[PDB]
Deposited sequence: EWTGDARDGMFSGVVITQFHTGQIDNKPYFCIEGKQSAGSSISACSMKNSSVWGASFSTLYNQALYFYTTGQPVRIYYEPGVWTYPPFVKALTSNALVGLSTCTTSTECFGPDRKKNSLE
């Protein structure tokens, strides 16, 4: 996946970022928003780096995490839960 789009905002006192990669996939990480909030800063840093290089990467996500209907409608319910570098279009580092 190439990360092609990046969105940042805030909801209910929590900053979040969204990414879209290309089929297309969207995933959002939210600061202090359990279970995956502990990873917000590491994933932000990594995703912004990969958006800059444009290198193919693996996006790990969890569907149905975000539940505010206007948010899910405009963006996604998917939580970003991990990122990996890739060697080929199918072979990437990690689980």
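Q: Where are the gaps relative to the deposited sequence?
A: Missing CA coords at 1 to 13, 36 to 39, 113 to 120.
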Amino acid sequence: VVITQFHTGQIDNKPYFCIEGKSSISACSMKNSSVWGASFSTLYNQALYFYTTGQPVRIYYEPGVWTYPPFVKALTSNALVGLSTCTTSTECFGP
From here on, numbers count along this sequence of modelled residues.
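Q: For the C-alpha atoms alone, is the average B factor greater in 1 to 9 or in 86 to 94, going by the entry?
A: The entry gives the higher C-alpha B-factor average to 86 to 94.
Q: Return whichever of 62 to 70 and 36 to 44 has the greater mean Cα B factor according to the PDB record.
A: Looking at the record's C-alpha B-factors, the answer is 62 to 70.
Q: Within this chain's modelled residues, let me know which third the CA B factor of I19 belongs to: lowest, middle or highest.
A: Bottom third by C-alpha B-factor.
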